[PDB]
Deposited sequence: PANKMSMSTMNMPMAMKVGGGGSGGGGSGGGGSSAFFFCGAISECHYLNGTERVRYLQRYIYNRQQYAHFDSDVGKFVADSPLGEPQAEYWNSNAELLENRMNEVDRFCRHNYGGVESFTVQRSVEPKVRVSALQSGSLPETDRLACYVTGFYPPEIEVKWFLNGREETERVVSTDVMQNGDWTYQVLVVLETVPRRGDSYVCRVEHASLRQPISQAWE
């Protein structure tokens, strides 16, 4: 499918240096297209000066700098009609165009269990290469979920549409399992040690 873009509105004109100006056109999806919110943010340097929210239907000044611009854009009903249409021709169109490989993207985790120590004090469960980032990684000792001695890093972004996480069990007939549940998997992975 052919993705659509959103135009930026143009604000009215009223030794080393650095200047930055940007715009972010956001589509917020809850239960897919059932609830859709368009937000367009206008930023100068490190501050947002104005936005449009489709739930509001008008520009809102976020700083004194944007106050003149919100009122200038808010005085033009055709301009406001244009922004309100972005919910359909930008947000809904693009959702239909990319849902198959974004919302429905599925990449299976790889699970490795290691000793860390010199005697063993800790078991590492390394889980790598997965998408989406939501994942459950649990340690079992003889079929009983451990929690007390369990330390989890945050799920880390690899930046290439994959994620990783590390779950360490502090511990000393013992059967340890790292169990991984993920949307890519029909069945959880039980990595024994």
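Gaps in the coordinates relative to the deposited sequence fall at 1-2, 17-32, 136-139, 195-197, 219.
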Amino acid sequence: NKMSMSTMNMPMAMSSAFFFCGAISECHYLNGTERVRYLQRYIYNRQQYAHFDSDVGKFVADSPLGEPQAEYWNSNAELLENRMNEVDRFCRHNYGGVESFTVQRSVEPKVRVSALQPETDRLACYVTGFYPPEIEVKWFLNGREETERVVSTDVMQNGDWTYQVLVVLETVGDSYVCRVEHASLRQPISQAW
From here on, numbers count along this sequence of modelled residues.
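For the two regions 102-110 and 67-75, the entry's Cα B-factors average higher over 67-75. Remark: stretch with higher mean C-alpha B factor among 53-61 and 156-164 is 53-61. Of the residues listed, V137, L141, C27, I43, the entry assigns the biggest Cα temperature factor to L141. Out of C178, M12, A23, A183, the entry records its largest CA B-factor for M12. The PDB entry assigns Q117 a C-alpha temperature factor belonging to the highest third of its chain's modelled residues. In the deposited entry, the Cα temperature factor of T128 sits in the bottom third of values across the chain's modelled residues.
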